[PDB]
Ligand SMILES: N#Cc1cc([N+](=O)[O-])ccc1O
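Only one chain is included here, represented as structure tokens and corresponding to the form deposited without this ligand.
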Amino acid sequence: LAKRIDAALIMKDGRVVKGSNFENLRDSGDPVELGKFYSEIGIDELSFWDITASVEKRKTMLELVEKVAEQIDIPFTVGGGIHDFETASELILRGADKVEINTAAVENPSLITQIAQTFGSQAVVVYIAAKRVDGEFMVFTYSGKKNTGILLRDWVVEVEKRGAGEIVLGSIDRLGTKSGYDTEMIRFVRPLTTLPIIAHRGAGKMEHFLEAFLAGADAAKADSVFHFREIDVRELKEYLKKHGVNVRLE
């Protein structure tokens, strides 16, 4: 299939955390308006990641999904502390196409299967945050705070076995950096799974997307490099097409 370009939007109390540099927008911190704009300039799928600390979180995420679904016509994922089936189910029913789970899946891998039983594997995205520790790739949970001691190699295989649809491979070794995706990590995981692999963390320039696809990623996700306009999405797609990557153009 075509390689996919995804934008992730970090959200808190209904606002895009740190906003965006698109002066054309009425509200460059409105996740709905920013997502719509991305969907019109060539992003293929959107991820919305909520860090609303608790009490209002569940209603906030539901209202976000509802507003996004009304306005955008490309697939989107919602994530951020989805811990059980009923939470996932209400978000999908309210409009999300996929849910993106990490810590709760590691703690109870049957959650992957439970969501997929009702909504299909394609509705379940597992975000794997991994880091090198003593020469092994290890899985981390709780926003990078906890080394689970679970090997990336074992967790990728289990995630597919449990019925996930896609894996987002986030390199903690690239968090905050702009040096490139962790192509070694992507190459490590590629032979272990038939699932789509979505690279995350490390992108700083268009060439980094080419590198990630050469490494075997099926999609590449980024956030601040788009929001602060270090990379233009349309230029990126034109660049990838020029160098032989199958991406969707308009």
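The term rigid core refers to the maximal set of C-alpha atoms that superpose within 1.5 Å between the two forms. When you see a residue number, it is the position in the sequence shown, counting from 1.
Choosing between 49 to 57 and 35 to 43, the greater Cα displacement from the shown form in 6 other deposited structures of this protein, fitted by the core, goes with 49 to 57. For the cut-off of one third of the other compared entries, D6 stays well clear, since all of them model it along with its flanks. Stretches 99 to 107 and 72 to 80 differ in mean CA B factor, with 72 to 80 having the higher one. Between 214 to 222 and 31 to 39, the higher mean Cα B-factor belongs to 31 to 39. The residue among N147, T87, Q114, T177 whose C-alpha carries the highest B-factor in the deposited model is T177. Per the PDB record, residue ranking by Cα B-factor puts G120 in the middle third of the chain. In the PDB entry, a CA B factor belonging to the lowest third of its chain's modelled residues is recorded for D154. The PDB entry assigns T194 a C-alpha temperature factor belonging to the middle third of its chain's modelled residues. Placement of the Cα temperature factor of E160 within the chain: lowest third of the modelled residues, per the deposited record. Among the modelled residues of its chain, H200 has a C-alpha B-factor that falls in the lowest third according to the deposited record.
The same protein also exists as the form solved in complex with this ligand; that form is not shown, yet it is the one meant from here on.
For this chain, the superposed copy of this ligand, brought over from its placement in the bound PDB entry, stays clear of the backbone and C-beta atoms by more than 2.4 Å at every atom, so the pocket is open. Comparing 65 to 73, 197 to 205, 181 to 189, 36 to 44 against this ligand in the bound PDB entry, the single stretch with non-hydrogen atoms within 4.5 angstroms of it is 197 to 205. Although the partner is absent here, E100 is a contact residue: one of its heavy atoms lies within 4.5 angstroms of this ligand in the bound PDB entry. The shortest heavy atom separation between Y127 and this ligand in the bound PDB entry is within 4.5 Å. The closest non-hydrogen atom of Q122 lies beyond 4.5 Å of this ligand in the bound PDB entry. Contact check for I10: a heavy atom falls within 4.5 Å of this ligand in the bound PDB entry.
Shown without its partner, this chain lists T177, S143, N147, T118 as candidates; in the bound PDB entry, only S143 has a non-hydrogen atom within 4.5 angstroms of this ligand. Taking this ligand as positioned in the bound PDB entry, none of the residues of 167 to 199 brings a heavy atom within 4.5 Å of it.
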